[PDB]
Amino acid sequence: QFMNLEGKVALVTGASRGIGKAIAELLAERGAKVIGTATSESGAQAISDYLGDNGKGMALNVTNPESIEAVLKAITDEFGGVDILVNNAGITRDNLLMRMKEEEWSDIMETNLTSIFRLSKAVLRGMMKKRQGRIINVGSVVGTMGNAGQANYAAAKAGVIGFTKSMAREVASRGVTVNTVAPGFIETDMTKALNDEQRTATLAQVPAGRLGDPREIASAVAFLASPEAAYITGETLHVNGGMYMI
């Protein structure tokens, strides 16, 4: 009965690998009907393969309003309205400011910040009608700490928290909570990229002495998604091994 999501419909954007996959799997373990998304049809099918009778994968581009609308209609049709939205889809377009292109700025705003606006708005009417809901944004320690060469990504991840706090204020009295989980450096395809010196240097900033695991983010998201977290709203739950302490 602890942390039970039976009866809830969850949408996890960008569930094909790493953190989003871990989130989608754990939410299904806890009893939710889960819809995970990828940017391609084959990616969507790979999600359906791992969810089995616990849900389905769908193709979604969170920068395209028509895609968002089609996906939410399909979910409502087959499963009913979204009770738990996890805004996990996100990208990087790293560069020092001196080298940062207009398109690198805009791609990050569109994918990592504006998406959260669009998806949150799109699921909110259903949640307000039922007087119950969860929105959980996947932020980053970089949103709080800043990082050289990621001024775009940091702006977007910080903006997500300001959005979250304001939305939380609007919807709290109607039983909807809005929160962010901010991972530190987690072992995924974003990371295996870093070279050895960079990895060693990232690790040296972590008291725990290791990168996080995707499952560790999934656990934090599942906790905030639960009935037991009803009195948490407008909050950022930092899961970073002590890399930053707020």
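Just count from 1 along the sequence shown to find any residue number.
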Margin query: Highest mean C-alpha temperature factor of the two stretches 188-196 and 57-65, which is it?
Written below: 188-196
Checklist line | Average Cα temperature factor in the PDB entry - higher stretch of 44-52, 213-221 | finding: 44-52
Next item on the list: Specify which of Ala70, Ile35, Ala182, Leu26 carries the largest Cα B factor in the deposited PDB entry.
Entry: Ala70
Margin query: So if I compare the CA B-factors in the entry for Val123, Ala154, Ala168, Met100, which one is the largest?
Written below: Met100
Item checked: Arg174 - which third its CA temperature factor falls in, relative to the rest of the chain -> highest
Next item on the list: Using the B-factor values recorded in the entry, state whether the Cα atom of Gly159 falls in the lowest, middle or highest third among the modelled residues of its chain.
Entry: lowest
Item checked: Within-chain third of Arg134 by Cα B-factor, per the entry -> lowest
Item checked: Chain thirds of CA B-factor: placement of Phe79 -> highest
Margin query: Can you tell me whether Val86 has a C-alpha B-factor in the lowest, middle or highest third compared with the other modelled residues of the same chain?
Written below: lowest
